[PDB]
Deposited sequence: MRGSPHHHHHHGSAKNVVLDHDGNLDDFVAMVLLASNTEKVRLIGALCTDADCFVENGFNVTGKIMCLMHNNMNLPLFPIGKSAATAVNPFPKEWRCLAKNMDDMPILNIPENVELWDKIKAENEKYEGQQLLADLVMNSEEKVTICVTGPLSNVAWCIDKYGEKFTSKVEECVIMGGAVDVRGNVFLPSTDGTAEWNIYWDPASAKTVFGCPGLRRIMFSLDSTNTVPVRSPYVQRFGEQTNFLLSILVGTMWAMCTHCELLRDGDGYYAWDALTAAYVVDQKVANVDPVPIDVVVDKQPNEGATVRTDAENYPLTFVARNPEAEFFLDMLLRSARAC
């Protein structure tokens, strides 16, 4: 049967496509909850879009409602405000504002806005009968908060943490006048938390760094294929989000969520991953460490691109 999955995201466009993938593959994934972080989005918008997507799907296909929580995590190095506003735009898109669907969200909103994201992640993981796979598409602040507070009690409950983040053998994507371009954004947002997660013993981590995600870019011809499926709400939703990315833009979080759905997406290789926490040009960089007895992270490599793109197009036909 399907495995338990919690999505820990920061509400940008690819975070939502990742959400769709997880929630539309009911045979492989049982999405038991989600949390949104005020990183690459303003959490109130990220929170509402999460809920609106969950209700549109729930009212049109097989998908049990699940808890959604706002994480109190705060930034160390914030995302450029320009990219963050994207959840706001999504929040106003017609396909996410069908009355019957918004109506549902309005009735269940009170319950969900009561949860605190980090504590909800700890609870969903620990109180689960089966182990829980965590799909992290935003910064690692939340998995770190759980580790710092419950240690082995939390980590022993995690099936595996499938993380979108870092740059191992390729350049990063954090280009500011104070950085050298070796770091990737999710790690850079909160380096200390990333260090805690990558250096945590007894936690299995799958890592989709820029090494894998650079090989699956957002391309117009493929994006137009969603036009062949306008009869499906999800194809209108997914095609519309990627239309705002194509112009530089990758399916970062989507590919990552695709792996949680089906491991065929990519093979993973063991690498001791440490994180630069100092205020230097390479702050947030993910580097190999040969330090004695350091935990091994399984880096994804050479992703099956066609397999992924096909998985997404077909999944966007769930409803």
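Note down, first to last, the deposited-sequence stretches for which the model contains no C-alpha atom.
Unmodelled stretches, in sequence order: 1-12, 260-267.
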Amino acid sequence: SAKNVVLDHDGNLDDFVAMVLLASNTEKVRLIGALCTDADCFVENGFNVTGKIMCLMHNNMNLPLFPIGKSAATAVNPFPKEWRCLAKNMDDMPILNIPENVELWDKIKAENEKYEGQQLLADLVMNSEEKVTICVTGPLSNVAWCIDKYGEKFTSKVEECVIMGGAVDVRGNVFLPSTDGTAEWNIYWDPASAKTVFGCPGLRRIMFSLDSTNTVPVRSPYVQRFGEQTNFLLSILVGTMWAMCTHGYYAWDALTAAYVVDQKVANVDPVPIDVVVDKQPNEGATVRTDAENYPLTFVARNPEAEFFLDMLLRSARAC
From here on, numbers count along this sequence of modelled residues.
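When the Cα temperature factors in the entry are averaged, is it 207-215 or 107-115 that ends up higher?
So the stretch with the higher mean C-alpha B-factor is 107-115.
So 16-24 or 291-299, which one's hotter by mean CA B-factor in the entry?
Comparing 16-24 with 291-299, the higher average CA B-factor belongs to 291-299.
Could you tell me which one of 281, 64, 46, 69 shows the highest CA temperature factor in the PDB record?
Checking the PDB record, the top C-alpha B-factor among 281, 64, 46, 69 is at 281.
Of the options 93, 146, 183, 136, which has the highest CA B factor as deposited?
It is 146.
When the deposited Cα B-factors of this chain's modelled residues are ordered and cut into thirds, is residue 285 in the lowest, the middle or the highest one?
Its C-alpha B-factor belongs to the middle third of this chain's values.
If you rank the chain by CA B-factor, which third does residue 155 end up in: lowest, middle or highest?
It belongs to the highest third of the chain when residues are ordered by C-alpha B-factor.
Considering every modelled residue of the chain and its Cα B-factor in the PDB entry, is residue 40 in the lowest, middle or highest third?
According to the entry, residue 40 has a C-alpha B-factor in the chain's highest third.
In terms of the CA temperature factor given in the entry, to which third of its chain does residue 234 belong: lowest, middle or highest?
It belongs to the lowest third of the chain when residues are ordered by C-alpha B-factor.
Once the chain's modelled residues are ordered by C-alpha B factor and cut into thirds, is residue 97 in the lowest, middle or highest one?
Lowest third - that is where residue 97 ends up once the chain's C-alpha B-factors are sorted.
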